[PDB]
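Asker: Just one file: target.cif, with mmCIF, C-alpha atoms and all ligand atoms.
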data_run
#
loop_
_atom_site.label_atom_id
_atom_site.label_comp_id
_atom_site.auth_asym_id
_atom_site.auth_seq_id
_atom_site.Cartn_x
_atom_site.Cartn_y
_atom_site.Cartn_z
CA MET A 1 48.03 114.11 118.58
CA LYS A 2 46.60 112.33 115.55
CA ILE A 3 43.38 111.93 117.51
CA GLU A 4 42.71 114.86 119.83
CA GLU A 5 42.18 114.19 123.53
CA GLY A 6 39.20 115.78 125.26
CA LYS A 7 36.64 115.82 122.46
CA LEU A 8 34.87 113.33 120.21
CA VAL A 9 35.08 113.19 116.42
CA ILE A 10 32.40 111.03 114.83
CA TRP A 11 31.93 109.70 111.29
CA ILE A 12 28.51 108.83 109.90
CA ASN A 13 27.14 108.49 106.37
CA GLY A 14 25.95 111.70 104.75
CA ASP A 15 22.46 110.42 104.03
CA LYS A 16 21.81 109.68 107.73
CA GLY A 17 20.72 112.11 110.43
CA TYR A 18 24.10 113.71 111.09
CA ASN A 19 22.58 117.03 112.15
CA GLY A 20 20.39 115.20 114.65
CA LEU A 21 23.45 113.32 115.88
CA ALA A 22 25.24 116.67 116.24
CA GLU A 23 22.34 117.89 118.39
CA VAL A 24 22.87 114.96 120.74
CA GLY A 25 26.52 116.02 120.72
CA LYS A 26 25.59 119.56 121.77
CA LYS A 27 23.57 118.18 124.66
CA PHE A 28 26.64 116.14 125.65
CA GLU A 29 28.85 119.22 125.48
CA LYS A 30 26.41 121.25 127.57
CA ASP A 31 26.40 118.59 130.30
CA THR A 32 30.06 117.55 130.28
CA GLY A 33 32.05 120.25 128.51
CA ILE A 34 33.13 117.66 125.92
CA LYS A 35 32.73 118.90 122.36
CA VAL A 36 31.41 116.47 119.74
CA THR A 37 32.08 117.04 116.04
CA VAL A 38 30.21 115.02 113.42
CA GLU A 39 31.82 114.48 110.00
CA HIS A 40 30.27 112.66 107.02
CA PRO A 41 33.13 111.81 104.61
CA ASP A 42 32.21 109.97 101.40
CA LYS A 43 33.20 106.28 101.42
CA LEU A 44 33.94 106.61 105.14
CA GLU A 45 33.76 102.82 105.47
CA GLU A 46 36.69 102.49 103.06
CA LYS A 47 38.64 105.40 104.55
CA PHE A 48 38.35 104.23 108.14
CA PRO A 49 40.64 101.20 107.87
CA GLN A 50 43.20 103.33 106.01
CA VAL A 51 43.41 106.05 108.65
CA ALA A 52 42.77 103.94 111.75
CA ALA A 53 45.62 101.61 110.78
CA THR A 54 47.97 104.56 111.40
CA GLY A 55 46.37 105.52 114.72
CA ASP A 56 44.31 108.26 113.10
CA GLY A 57 40.66 108.87 112.25
CA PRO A 58 37.50 109.52 114.29
CA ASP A 59 36.87 108.48 117.89
CA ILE A 60 33.60 106.85 116.80
CA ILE A 61 32.52 105.36 113.47
CA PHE A 62 28.90 104.66 112.48
CA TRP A 63 28.30 102.13 109.74
CA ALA A 64 26.35 98.94 109.15
CA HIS A 65 27.82 96.00 111.03
CA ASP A 66 29.05 94.15 107.93
CA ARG A 67 32.30 96.16 107.82
CA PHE A 68 33.10 95.76 111.51
CA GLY A 69 34.54 92.23 111.56
CA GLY A 70 37.23 93.39 109.15
CA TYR A 71 38.01 96.41 111.32
CA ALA A 72 38.15 94.21 114.43
CA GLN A 73 40.38 91.62 112.75
CA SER A 74 42.80 94.44 111.92
CA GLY A 75 42.75 95.60 115.54
CA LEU A 76 41.08 98.91 114.74
CA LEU A 77 38.20 98.69 117.24
CA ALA A 78 38.07 98.97 121.01
CA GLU A 79 36.23 96.26 122.90
CA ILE A 80 33.01 97.71 124.31
CA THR A 81 31.86 96.95 127.85
CA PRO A 82 28.14 97.48 128.40
CA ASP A 83 26.76 95.60 131.37
CA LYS A 84 23.79 93.22 131.30
CA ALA A 85 21.32 95.96 132.23
CA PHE A 86 22.41 97.97 129.22
CA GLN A 87 22.54 94.91 126.96
CA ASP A 88 18.94 94.15 127.94
CA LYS A 89 17.87 97.44 126.38
CA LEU A 90 18.63 96.21 122.86
CA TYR A 91 17.26 93.23 120.90
CA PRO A 92 19.46 90.12 121.22
CA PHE A 93 19.92 89.69 117.45
CA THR A 94 21.41 93.18 117.16
CA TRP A 95 24.17 92.26 119.61
CA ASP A 96 24.91 89.16 117.51
CA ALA A 97 25.68 91.49 114.61
CA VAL A 98 28.47 93.21 116.54
CA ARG A 99 30.10 90.26 118.31
CA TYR A 100 33.37 89.18 116.70
CA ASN A 101 35.77 86.46 117.83
CA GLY A 102 34.60 86.69 121.42
CA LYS A 103 34.36 90.46 121.82
CA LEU A 104 31.61 93.05 121.46
CA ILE A 105 33.06 95.59 119.06
CA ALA A 106 30.26 98.11 118.51
CA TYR A 107 26.95 99.39 119.85
CA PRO A 108 23.94 98.49 117.70
CA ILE A 109 21.76 101.48 116.75
CA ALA A 110 19.23 100.59 114.07
CA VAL A 111 18.11 97.75 111.81
CA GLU A 112 17.99 98.74 108.16
CA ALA A 113 16.32 97.08 105.22
CA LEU A 114 15.33 98.41 101.81
CA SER A 115 11.67 98.73 100.82
CA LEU A 116 9.71 99.57 97.67
CA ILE A 117 8.68 103.21 97.85
CA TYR A 118 5.91 104.24 95.48
CA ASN A 119 4.00 107.35 94.42
CA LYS A 120 0.37 106.76 95.35
CA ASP A 121 -0.87 109.29 92.82
CA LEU A 122 0.84 107.51 89.93
CA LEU A 123 0.41 103.95 91.23
CA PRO A 124 -2.44 103.52 93.73
CA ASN A 125 -1.73 99.80 93.42
CA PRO A 126 2.02 99.19 93.04
CA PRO A 127 3.33 96.08 91.25
CA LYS A 128 3.80 92.93 93.32
CA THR A 129 6.33 91.51 90.84
CA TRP A 130 9.52 92.62 89.11
CA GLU A 131 8.12 91.10 85.92
CA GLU A 132 5.32 93.69 85.86
CA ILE A 133 7.79 96.56 85.67
CA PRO A 134 8.68 96.62 81.96
CA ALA A 135 5.04 96.95 80.85
CA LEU A 136 4.32 99.47 83.60
CA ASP A 137 7.28 101.56 82.42
CA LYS A 138 6.00 101.53 78.82
CA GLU A 139 2.57 102.63 80.03
CA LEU A 140 3.98 105.38 82.25
CA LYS A 141 6.40 106.61 79.55
CA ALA A 142 3.41 107.46 77.33
CA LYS A 143 2.44 109.84 80.14
CA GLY A 144 5.95 111.27 80.52
CA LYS A 145 6.98 109.23 83.57
CA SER A 146 9.10 106.17 84.33
CA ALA A 147 8.21 103.17 86.50
CA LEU A 148 11.26 102.71 88.68
CA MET A 149 14.58 104.28 89.48
CA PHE A 150 17.07 103.23 92.12
CA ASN A 151 20.78 103.43 92.82
CA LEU A 152 22.58 101.09 90.40
CA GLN A 153 26.06 102.13 91.55
CA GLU A 154 25.94 100.51 95.00
CA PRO A 155 25.35 96.76 94.94
CA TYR A 156 23.38 97.01 98.22
CA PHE A 157 20.39 98.16 96.17
CA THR A 158 20.54 95.41 93.54
CA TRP A 159 21.29 92.61 95.99
CA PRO A 160 17.62 92.03 96.88
CA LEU A 161 16.93 91.08 93.25
CA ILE A 162 20.13 89.04 92.88
CA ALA A 163 19.32 87.08 96.06
CA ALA A 164 15.62 86.60 95.29
CA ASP A 165 16.02 83.49 93.13
CA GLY A 166 18.92 81.97 95.03
CA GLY A 167 21.99 84.20 95.05
CA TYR A 168 23.89 84.33 98.35
CA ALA A 169 27.10 85.76 99.77
CA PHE A 170 28.80 83.25 102.04
CA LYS A 171 27.43 79.87 103.01
CA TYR A 172 26.59 79.63 106.69
CA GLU A 173 26.55 76.11 108.08
CA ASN A 174 27.17 74.36 111.38
CA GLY A 175 28.03 77.54 113.23
CA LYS A 176 30.41 79.16 110.75
CA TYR A 177 30.57 81.04 107.48
CA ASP A 178 32.56 79.17 104.83
CA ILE A 179 34.58 81.93 103.14
CA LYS A 180 35.58 79.66 100.26
CA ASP A 181 31.92 79.02 99.44
CA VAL A 182 30.25 82.00 97.74
CA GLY A 183 26.87 82.11 96.01
CA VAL A 184 27.20 85.14 93.74
CA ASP A 185 27.46 83.03 90.57
CA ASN A 186 24.73 80.47 91.03
CA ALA A 187 21.77 80.21 88.67
CA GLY A 188 19.56 82.40 90.84
CA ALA A 189 22.08 85.24 90.99
CA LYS A 190 22.52 85.10 87.21
CA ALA A 191 18.76 85.21 86.71
CA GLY A 192 18.29 88.29 88.88
CA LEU A 193 21.22 90.22 87.43
CA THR A 194 20.06 89.30 83.92
CA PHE A 195 16.62 90.73 84.71
CA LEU A 196 18.25 94.01 85.76
CA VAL A 197 20.49 94.11 82.69
CA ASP A 198 17.45 93.51 80.50
CA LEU A 199 15.59 96.39 82.19
CA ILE A 200 18.52 98.56 81.11
CA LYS A 201 18.84 97.07 77.61
CA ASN A 202 15.12 97.70 77.10
CA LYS A 203 15.38 101.33 78.18
CA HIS A 204 13.42 101.03 81.42
CA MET A 205 16.42 102.12 83.46
CA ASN A 206 19.75 103.81 82.85
CA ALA A 207 23.03 102.17 83.88
CA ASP A 208 24.40 105.45 85.26
CA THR A 209 21.56 105.96 87.73
CA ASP A 210 22.98 106.63 91.19
CA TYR A 211 21.65 107.60 94.61
CA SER A 212 21.15 111.28 93.77
CA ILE A 213 19.47 110.66 90.41
CA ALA A 214 16.97 108.15 91.76
CA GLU A 215 16.12 110.32 94.78
CA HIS A 216 15.76 113.37 92.55
CA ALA A 217 13.51 111.51 90.13
CA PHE A 218 11.21 110.08 92.78
CA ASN A 219 11.00 113.24 94.86
CA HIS A 220 10.27 115.33 91.72
CA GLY A 221 7.54 112.96 90.56
CA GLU A 222 9.52 111.86 87.49
CA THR A 223 9.42 108.18 88.41
CA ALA A 224 6.64 106.21 90.12
CA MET A 225 8.81 104.02 92.35
CA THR A 226 12.19 103.84 94.02
CA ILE A 227 14.01 101.39 96.31
CA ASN A 228 15.57 102.92 99.39
CA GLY A 229 15.87 102.77 103.16
CA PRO A 230 14.16 104.67 105.97
CA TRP A 231 16.72 107.50 105.93
CA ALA A 232 15.19 108.60 102.61
CA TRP A 233 11.68 109.22 103.98
CA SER A 234 12.53 112.67 105.34
CA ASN A 235 13.34 114.14 101.93
CA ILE A 236 10.22 112.58 100.43
CA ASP A 237 8.14 114.18 103.20
CA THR A 238 9.58 117.57 102.28
CA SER A 239 8.88 116.99 98.58
CA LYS A 240 5.17 116.56 99.32
CA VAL A 241 4.98 113.48 97.09
CA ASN A 242 2.17 111.20 98.26
CA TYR A 243 4.09 108.00 98.96
CA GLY A 244 3.72 104.52 100.38
CA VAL A 245 6.35 102.09 101.63
CA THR A 246 5.74 98.44 100.88
CA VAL A 247 7.08 94.93 100.30
CA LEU A 248 9.65 94.63 97.51
CA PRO A 249 8.43 92.94 94.32
CA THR A 250 8.84 89.20 93.83
CA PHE A 251 11.08 87.75 91.14
CA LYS A 252 10.24 84.38 89.58
CA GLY A 253 7.69 84.06 92.38
CA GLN A 254 10.33 84.54 95.08
CA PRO A 255 10.50 87.40 97.57
CA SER A 256 13.23 89.95 97.06
CA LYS A 257 15.82 89.33 99.77
CA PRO A 258 17.46 92.54 100.97
CA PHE A 259 20.64 92.32 103.03
CA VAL A 260 19.79 93.59 106.52
CA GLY A 261 22.29 95.96 108.14
CA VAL A 262 22.53 96.87 111.80
CA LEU A 263 23.79 100.45 111.85
CA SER A 264 26.37 100.32 114.64
CA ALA A 265 28.79 102.63 116.44
CA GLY A 266 32.35 101.47 116.97
CA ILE A 267 35.11 103.12 119.00
CA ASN A 268 38.54 103.58 117.41
CA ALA A 269 41.16 101.42 119.14
CA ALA A 270 43.50 104.41 118.81
CA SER A 271 41.12 106.85 120.51
CA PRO A 272 42.46 108.50 123.69
CA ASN A 273 38.80 109.20 124.49
CA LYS A 274 37.38 105.70 124.93
CA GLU A 275 35.68 106.38 128.26
CA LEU A 276 34.10 109.59 126.95
CA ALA A 277 32.91 107.76 123.86
CA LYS A 278 31.30 105.12 126.08
CA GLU A 279 29.58 107.82 128.15
CA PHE A 280 28.29 109.53 125.01
CA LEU A 281 27.03 106.38 123.35
CA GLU A 282 25.47 104.71 126.40
CA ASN A 283 24.10 107.70 128.31
CA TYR A 284 23.21 110.14 125.52
CA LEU A 285 22.88 108.57 122.08
CA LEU A 286 21.43 105.13 122.79
CA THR A 287 18.48 106.57 124.69
CA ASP A 288 14.93 107.33 123.65
CA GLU A 289 15.71 111.05 123.46
CA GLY A 290 19.01 110.54 121.64
CA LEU A 291 17.63 108.26 118.95
CA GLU A 292 14.53 110.45 118.59
CA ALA A 293 16.80 113.42 117.87
CA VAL A 294 18.64 111.53 115.13
CA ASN A 295 15.39 110.07 113.78
CA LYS A 296 13.76 113.51 113.50
CA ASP A 297 16.55 114.53 111.13
CA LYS A 298 16.57 111.32 109.03
CA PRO A 299 14.62 108.22 110.06
CA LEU A 300 16.69 105.37 111.48
CA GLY A 301 13.96 102.91 110.55
CA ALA A 302 13.57 100.09 113.05
CA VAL A 303 15.85 100.72 116.03
CA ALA A 304 17.83 98.33 118.23
CA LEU A 305 16.56 100.09 121.36
CA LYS A 306 13.48 98.13 122.47
CA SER A 307 11.70 100.97 124.28
CA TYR A 308 11.77 103.27 121.25
CA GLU A 309 11.14 100.49 118.73
CA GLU A 310 7.89 99.66 120.53
CA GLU A 311 6.62 103.10 119.51
CA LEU A 312 8.09 103.09 115.98
CA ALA A 313 6.57 99.66 115.20
CA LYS A 314 3.16 101.35 115.06
CA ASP A 315 4.27 103.17 111.86
CA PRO A 316 3.17 101.25 108.75
CA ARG A 317 6.42 102.32 107.04
CA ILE A 318 8.38 100.61 109.82
CA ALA A 319 6.15 97.54 109.55
CA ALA A 320 7.01 97.40 105.84
CA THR A 321 10.70 97.77 106.68
CA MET A 322 10.50 94.80 109.07
CA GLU A 323 8.52 92.76 106.55
CA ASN A 324 11.26 93.26 103.99
CA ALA A 325 13.93 92.54 106.60
CA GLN A 326 12.23 89.25 107.50
CA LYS A 327 12.32 88.18 103.85
CA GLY A 328 16.03 88.96 103.63
CA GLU A 329 19.15 87.98 105.57
CA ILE A 330 21.29 89.67 108.17
CA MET A 331 24.67 90.46 106.63
CA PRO A 332 27.73 88.55 107.80
CA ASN A 333 30.23 90.69 109.72
CA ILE A 334 33.24 88.65 108.61
CA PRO A 335 36.40 90.29 107.24
CA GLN A 336 35.76 88.76 103.79
CA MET A 337 32.76 91.09 103.35
CA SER A 338 34.97 93.87 101.96
CA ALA A 339 36.10 91.54 99.17
CA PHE A 340 32.51 90.36 98.60
CA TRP A 341 31.22 93.91 98.17
CA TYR A 342 34.07 94.91 95.85
CA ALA A 343 33.36 91.82 93.76
CA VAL A 344 29.64 92.42 93.52
CA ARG A 345 29.93 96.16 92.95
CA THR A 346 32.27 95.50 90.04
CA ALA A 347 30.01 92.83 88.57
CA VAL A 348 26.81 94.87 88.75
CA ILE A 349 28.39 97.99 87.29
CA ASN A 350 30.09 96.03 84.49
CA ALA A 351 26.97 94.04 83.64
CA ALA A 352 24.68 97.07 83.78
CA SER A 353 26.97 99.11 81.53
CA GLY A 354 27.47 96.25 79.08
CA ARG A 355 31.21 95.98 79.77
CA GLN A 356 30.67 92.35 80.76
CA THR A 357 28.00 89.79 80.12
CA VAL A 358 26.19 88.64 83.25
CA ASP A 359 27.94 85.26 83.05
CA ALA A 360 31.42 86.81 82.84
CA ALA A 361 30.61 89.44 85.48
CA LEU A 362 29.47 86.95 88.08
CA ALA A 363 32.16 84.38 87.27
CA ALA A 364 34.69 87.09 88.08
CA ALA A 365 32.69 88.06 91.19
CA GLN A 366 32.89 84.49 92.48
CA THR A 367 36.68 84.50 92.10
CA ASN A 368 37.01 87.98 93.63
CA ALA A 369 34.70 87.36 96.59
CA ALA A 370 36.34 84.09 97.64
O1 LIG A 401 26.65 98.84 98.31
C1 LIG A 401 27.65 98.19 99.07
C2 LIG A 401 27.56 98.62 100.53
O2 LIG A 401 26.34 98.15 101.07
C3 LIG A 401 26.14 98.46 102.44
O3 LIG A 401 26.20 99.86 102.62
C4 LIG A 401 24.96 100.51 102.80
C5 LIG A 401 24.76 100.83 104.27
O4 LIG A 401 24.72 99.63 105.02
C6 LIG A 401 23.46 101.60 104.47
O5 LIG A 401 23.43 102.10 105.80
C7 LIG A 401 23.31 102.76 103.47
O6 LIG A 401 24.11 103.85 103.84
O7 LIG A 401 23.63 102.35 102.15
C8 LIG A 401 24.92 101.80 102.00
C9 LIG A 401 25.18 101.51 100.52
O8 LIG A 401 25.45 102.70 99.80
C10 LIG A 401 27.23 97.80 103.27
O9 LIG A 401 27.01 98.06 104.64
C11 LIG A 401 28.57 98.36 102.82
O10 LIG A 401 29.61 97.77 103.57
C12 LIG A 401 28.75 98.09 101.33
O11 LIG A 401 29.94 98.70 100.86
CL CL A 402 25.68 106.49 94.57
CL CL A 403 14.55 118.51 87.05
CL CL A 404 16.02 106.27 127.58
CL CL A 405 36.43 86.41 106.67
ZN ZN A 406 14.62 116.27 87.11
#
Could you rewrite the structure in this file as structure tokens?
Answerer:
Amino acid sequence: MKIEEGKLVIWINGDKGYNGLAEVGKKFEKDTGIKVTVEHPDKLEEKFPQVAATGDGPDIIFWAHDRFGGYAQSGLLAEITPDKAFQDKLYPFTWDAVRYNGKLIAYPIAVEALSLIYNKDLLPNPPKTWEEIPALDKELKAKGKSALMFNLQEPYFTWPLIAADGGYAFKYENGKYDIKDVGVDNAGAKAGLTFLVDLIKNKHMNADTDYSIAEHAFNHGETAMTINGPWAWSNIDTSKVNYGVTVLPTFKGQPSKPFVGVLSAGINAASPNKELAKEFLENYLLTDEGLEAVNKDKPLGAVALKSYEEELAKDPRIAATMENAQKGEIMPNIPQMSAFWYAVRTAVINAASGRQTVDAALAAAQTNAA
């Protein structure tokens, strides 16, 4: 078989708590005899539609909900069937994220938003504005440090700045997203991307900075700030850097507006193990003990499971996560999101590297997203 009967194969991103998830899998195996194998392929969210379209791939895929409408439209996801009692365990807005064309198509797990993470020893009082960063970098450089480093290769991390002054993905109005109406090339989006490009032009950041570089720099005390999600806190803890997690800086007086993702677990339509996947997700993973196990490996951040979230909310880092989430927007789950992200990734990388002006980059992004 392309997908093996009698076990579960799971995909989750490599920066999440995949070892903790595997532990939940070992508990499952102990109780049921069903082995669970967790993989973390790179770009799994791009690979999934390729392999699932041929009846292959994992039994279960974990990713933010934004990719799931596309998968569902292509018939790659099984309809899930939790009853009302189970539904009541999770916050209503998380279920909204995973409902597509009249069907629930994934189980919500956690609510993710980026925050500003800062080194308290270098910056006891972190900047409230993006505009403060250039001068702060010049001041820190004289002491052998930089102000800020974050992943410039994934547009997820730059979006909060692009959206701050008015950029948006798809217009939502009167109960629908208008997929012909994109906001990646409005004045606000240009302003935010231009600010980023200027940070690079003025040697405050490097265009080639990626996830690993920014994490390395922050966790080694080479830079005073980074922008990242809750999954990153575990490695910072181990580094012994004294850090805080706070509201993202404003731009032109406007809050940064991160795109909020609901990490969700979908079941492959081609899986011969759908009932076992349901048992694993409902009875083992989406439980206090299951999420705690994953969280202990890499923090989930705010979780969809009310009972556990009530405990996590007491953590000031989680409060900061929710504050940033409230200033941002939940991502659409519509199929056009794949095109949107391709468009914006291309624009940010080309603008940052100087291959395109901001105006040309975002003009192309508008065409490509719509
Ligand atoms: O950067 C584009 C990318 O953004 C989001 O992916 C996030 C993901 O949601 C987070 O859980 C975390 O792993 O960071 C990822 C970015 O590297 C979108 O969900 C994704 O579809 C999109 O390609
Ligand atoms: Cl990266
Ligand atoms: Cl080093
Ligand atoms: Cl529970
Ligand atoms: Cl769409
Ligand atoms: Zn280094």
Asker: Quick one: residues within 8 Å of ligand ZN 406 (chain A), with only C-alpha atoms and all ligand atoms, as a PyMOL selection string?
Answerer: chain A and resi 216-217+220+222
Asker: Once you have the residues from the selection above, write them out as a short mmCIF file (atom, residue, chain, number, x, y, z; two decimals), in the frame of the given file, restricted to C-alpha atoms.
Answerer:
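The result, written out as result_32.cif:
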data_model
loop_
_atom_site.label_atom_id
_atom_site.label_comp_id
_atom_site.auth_asym_id
_atom_site.auth_seq_id
_atom_site.Cartn_x
_atom_site.Cartn_y
_atom_site.Cartn_z
CA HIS A 216 15.76 113.37 92.55
CA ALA A 217 13.51 111.51 90.13
CA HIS A 220 10.27 115.33 91.72
CA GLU A 222 9.52 111.86 87.49
#
Asker: Nearest residue to residue 196 in chain A out of A:48, A:157, A:342, A:308, using all atoms listed in the file?
Answerer: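 With all atoms listed in the file as the atom set, the closest residue is A:157.
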Asker: With all atoms listed in the file as the basis for distance, which of A:81, A:295, A:357, A:115 is at the shortest distance from residue 17 in chain A?
Answerer: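 So, comparing all the options, the nearest one is A:295.
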Asker: Between A:112, A:66, A:56, A:279, which has the minimum distance to residue 319 in chain A (counting all atoms listed in the file)?
Answerer: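 Going through A:112, A:66, A:56, A:279 one by one, the smallest distance to residue 319 in chain A is for A:112.
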Asker: Find the residues of chain A that sit at most 10 Å from ligand LIG 401 (chain A); for each, write down the nearest two atoms and how far apart they are in Å, to one decimal. Count only C-alpha atoms and all ligand atoms. Sort by chain, then by number going up, and give it as a Markdown table.
Answerer:
| residue | atom | partner | partner_atom | distance |
| --- | --- | --- | --- | --- |
| A:12 | CA | A:LIG401 | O6 | 9.0 |
| A:13 | CA | A:LIG401 | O6 | 6.1 |
| A:14 | CA | A:LIG401 | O6 | 8.1 |
| A:15 | CA | A:LIG401 | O6 | 6.8 |
| A:16 | CA | A:LIG401 | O6 | 7.4 |
| A:43 | CA | A:LIG401 | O11 | 8.3 |
| A:44 | CA | A:LIG401 | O11 | 9.8 |
| A:45 | CA | A:LIG401 | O10 | 6.8 |
| A:46 | CA | A:LIG401 | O11 | 8.0 |
| A:62 | CA | A:LIG401 | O5 | 9.0 |
| A:63 | CA | A:LIG401 | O5 | 6.3 |
| A:64 | CA | A:LIG401 | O4 | 4.5 |
| A:65 | CA | A:LIG401 | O9 | 6.8 |
| A:66 | CA | A:LIG401 | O9 | 5.5 |
| A:67 | CA | A:LIG401 | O10 | 5.3 |
| A:68 | CA | A:LIG401 | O10 | 8.9 |
| A:110 | CA | A:LIG401 | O5 | 9.4 |
| A:111 | CA | A:LIG401 | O5 | 9.1 |
| A:112 | CA | A:LIG401 | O5 | 6.8 |
| A:113 | CA | A:LIG401 | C6 | 8.5 |
| A:114 | CA | A:LIG401 | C6 | 9.1 |
| A:151 | CA | A:LIG401 | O8 | 8.4 |
| A:152 | CA | A:LIG401 | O1 | 9.2 |
| A:153 | CA | A:LIG401 | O1 | 7.5 |
| A:154 | CA | A:LIG401 | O1 | 3.8 |
| A:155 | CA | A:LIG401 | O1 | 4.2 |
| A:156 | CA | A:LIG401 | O1 | 3.7 |
| A:157 | CA | A:LIG401 | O1 | 6.7 |
| A:158 | CA | A:LIG401 | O1 | 8.5 |
| A:159 | CA | A:LIG401 | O1 | 8.5 |
| A:210 | CA | A:LIG401 | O8 | 9.8 |
| A:211 | CA | A:LIG401 | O8 | 8.1 |
| A:228 | CA | A:LIG401 | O7 | 8.5 |
| A:229 | CA | A:LIG401 | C7 | 7.4 |
| A:230 | CA | A:LIG401 | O5 | 9.6 |
| A:231 | CA | A:LIG401 | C7 | 8.5 |
| A:259 | CA | A:LIG401 | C3 | 8.3 |
| A:260 | CA | A:LIG401 | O4 | 7.9 |
| A:261 | CA | A:LIG401 | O4 | 5.4 |
| A:262 | CA | A:LIG401 | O4 | 7.6 |
| A:263 | CA | A:LIG401 | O5 | 6.3 |
| A:264 | CA | A:LIG401 | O5 | 9.5 |
| A:300 | CA | A:LIG401 | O5 | 9.4 |
| A:331 | CA | A:LIG401 | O9 | 8.2 |
| A:333 | CA | A:LIG401 | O10 | 9.4 |
| A:337 | CA | A:LIG401 | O10 | 7.4 |
| A:338 | CA | A:LIG401 | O10 | 6.8 |
| A:339 | CA | A:LIG401 | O11 | 9.6 |
| A:340 | CA | A:LIG401 | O11 | 9.0 |
| A:341 | CA | A:LIG401 | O11 | 5.6 |
| A:342 | CA | A:LIG401 | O11 | 7.5 |
| A:344 | CA | A:LIG401 | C1 | 8.2 |
| A:345 | CA | A:LIG401 | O1 | 6.8 |
Asker: Quick one: contact table of chain A to ligand CL 404 (chain A), 12 Å max, nearest atom pair and distance in Å to one decimal per residue, counting all atoms listed in the file, chain and number order, as JSON lines?
Answerer:
{"residue": "A:86", "atom": "CA", "partner": "A:CL404", "partner_atom": "CL", "distance": 10.6}
{"residue": "A:89", "atom": "CA", "partner": "A:CL404", "partner_atom": "CL", "distance": 9.1}
{"residue": "A:90", "atom": "CA", "partner": "A:CL404", "partner_atom": "CL", "distance": 11.4}
{"residue": "A:281", "atom": "CA", "partner": "A:CL404", "partner_atom": "CL", "distance": 11.8}
{"residue": "A:282", "atom": "CA", "partner": "A:CL404", "partner_atom": "CL", "distance": 9.7}
{"residue": "A:283", "atom": "CA", "partner": "A:CL404", "partner_atom": "CL", "distance": 8.2}
{"residue": "A:284", "atom": "CA", "partner": "A:CL404", "partner_atom": "CL", "distance": 8.4}
{"residue": "A:285", "atom": "CA", "partner": "A:CL404", "partner_atom": "CL", "distance": 9.1}
{"residue": "A:286", "atom": "CA", "partner": "A:CL404", "partner_atom": "CL", "distance": 7.3}
{"residue": "A:287", "atom": "CA", "partner": "A:CL404", "partner_atom": "CL", "distance": 3.8}
{"residue": "A:288", "atom": "CA", "partner": "A:CL404", "partner_atom": "CL", "distance": 4.2}
{"residue": "A:289", "atom": "CA", "partner": "A:CL404", "partner_atom": "CL", "distance": 6.3}
{"residue": "A:290", "atom": "CA", "partner": "A:CL404", "partner_atom": "CL", "distance": 7.9}
{"residue": "A:291", "atom": "CA", "partner": "A:CL404", "partner_atom": "CL", "distance": 9.0}
{"residue": "A:292", "atom": "CA", "partner": "A:CL404", "partner_atom": "CL", "distance": 10.0}
{"residue": "A:305", "atom": "CA", "partner": "A:CL404", "partner_atom": "CL", "distance": 8.8}
{"residue": "A:306", "atom": "CA", "partner": "A:CL404", "partner_atom": "CL", "distance": 9.9}
{"residue": "A:307", "atom": "CA", "partner": "A:CL404", "partner_atom": "CL", "distance": 7.6}
{"residue": "A:308", "atom": "CA", "partner": "A:CL404", "partner_atom": "CL", "distance": 8.2}
{"residue": "A:309", "atom": "CA", "partner": "A:CL404", "partner_atom": "CL", "distance": 11.6}
Asker: Would you save the residues from that selection as an mmCIF file, in the frame of the given file, using C-alpha atoms?
Answerer:
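Below you can see out.cif, which holds the result:
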data_model
loop_
_atom_site.group_PDB
_atom_site.id
_atom_site.type_symbol
_atom_site.label_atom_id
_atom_site.label_comp_id
_atom_site.auth_asym_id
_atom_site.auth_seq_id
_atom_site.Cartn_x
_atom_site.Cartn_y
_atom_site.Cartn_z
ATOM 1 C CA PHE A 86 22.410 97.970 129.220
ATOM 2 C CA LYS A 89 17.870 97.440 126.380
ATOM 3 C CA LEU A 90 18.630 96.210 122.860
ATOM 4 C CA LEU A 281 27.030 106.380 123.350
ATOM 5 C CA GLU A 282 25.470 104.710 126.400
ATOM 6 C CA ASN A 283 24.100 107.700 128.310
ATOM 7 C CA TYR A 284 23.210 110.140 125.520
ATOM 8 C CA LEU A 285 22.880 108.570 122.080
ATOM 9 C CA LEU A 286 21.430 105.130 122.790
ATOM 10 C CA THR A 287 18.480 106.570 124.690
ATOM 11 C CA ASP A 288 14.930 107.330 123.650
ATOM 12 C CA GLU A 289 15.710 111.050 123.460
ATOM 13 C CA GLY A 290 19.010 110.540 121.640
ATOM 14 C CA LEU A 291 17.630 108.260 118.950
ATOM 15 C CA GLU A 292 14.530 110.450 118.590
ATOM 16 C CA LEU A 305 16.560 100.090 121.360
ATOM 17 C CA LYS A 306 13.480 98.130 122.470
ATOM 18 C CA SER A 307 11.700 100.970 124.280
ATOM 19 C CA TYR A 308 11.770 103.270 121.250
ATOM 20 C CA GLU A 309 11.140 100.490 118.730
#
Asker: Which is closer to residue 271 in chain A than all the others in A:31, A:36, A:55, A:104, using all atoms listed in the file?
Answerer: A:55
Asker: Around the point (13.0, 98.3, 108.5) (coordinates from the file), which residues reach within 6 Å if we count only C-alpha atoms? Answer as a ChimeraX atom specification.
Answerer: /A:112-113,301-302,318,321-322
Asker: For ligand CL 402 (chain A), which residue out of A:223, A:254, A:186, A:212 is the nearest one, using only C-alpha atoms and all ligand atoms?
Answerer: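 Under the stated criterion, the closest residue is A:212.
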Asker: Name the residues in contact with residue 336 in chain A at a cut-off of 12 Å, using all atoms listed in the file, excluding same-chain residues fewer than 6 positions from it; report them as a list in words.
Answerer: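 The neighbour list is residues 66, 67, 68, 69, 70, 71, 73, 169, 170, 177, 178, 179, 180, 181, 182, 342, 343, 368, 369 and 370 of chain A.
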